[PDB]
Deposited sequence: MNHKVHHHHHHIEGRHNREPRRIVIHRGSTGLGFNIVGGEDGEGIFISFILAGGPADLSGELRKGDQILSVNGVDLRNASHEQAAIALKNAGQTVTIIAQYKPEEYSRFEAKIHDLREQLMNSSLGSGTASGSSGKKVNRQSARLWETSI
C-alpha cells in the first residue's frame, strides 16, 4: 500500500462526502473510520478506512480537534482537495480502545461527513 501522503480530489454535489471520522486528541490526528458504499468518497475509490486526513482545502487537520475537523470537512464545498496518508497501524489504536474496554469489562466518538 502507498504510505506517503496522497493528494485526492473529491467532486460531490449537494450531499455529504460519505465517510466517518474519529480522533481529535492531542498527537492523535483525524482518521477515516468508515466509507459509505455509493457515497462520493467511495465512488472516487481513493480514500480508505485507516487514512489520516492531513489537510482539507488547505486547512491543516494533523492535530485538529474532532469538532474542528468535522466543521472543516462539512464546509469544504463541492471540489474537496484532501491530503490523506494511509496509517493502518495508528488506526488500529482506535479499534484497541473498544477491544481494551470490552476486555477490561462500546462506541467511538464518530462524525459522518
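K.L.:
Which residue ranges of the deposited sequence are not present in the modelled coordinates?
P.N.:
Gaps in the modelled chain, taken against the deposited sequence, lie at 1-15, 121-142.
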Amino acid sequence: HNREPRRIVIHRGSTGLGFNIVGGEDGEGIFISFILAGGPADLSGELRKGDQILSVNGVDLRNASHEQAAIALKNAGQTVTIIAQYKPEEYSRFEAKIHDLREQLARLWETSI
From here on, numbers count along this sequence of modelled residues.
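K.L.:
Regarding 84-92 and 55-63, which shows the higher C-alpha temperature factor on average in the entry?
P.N.:
Higher of the two, by average CA B-factor, is 84-92.
K.L.:
Quick one: higher average CA temperature factor, 11-19 or 94-102?
P.N.:
Result of the comparison: 94-102.
K.L.:
If you compare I30, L43, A76, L47, which has the highest Cα B-factor in the entry?
P.N.:
Highest CA B-factor of the listed options: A76.
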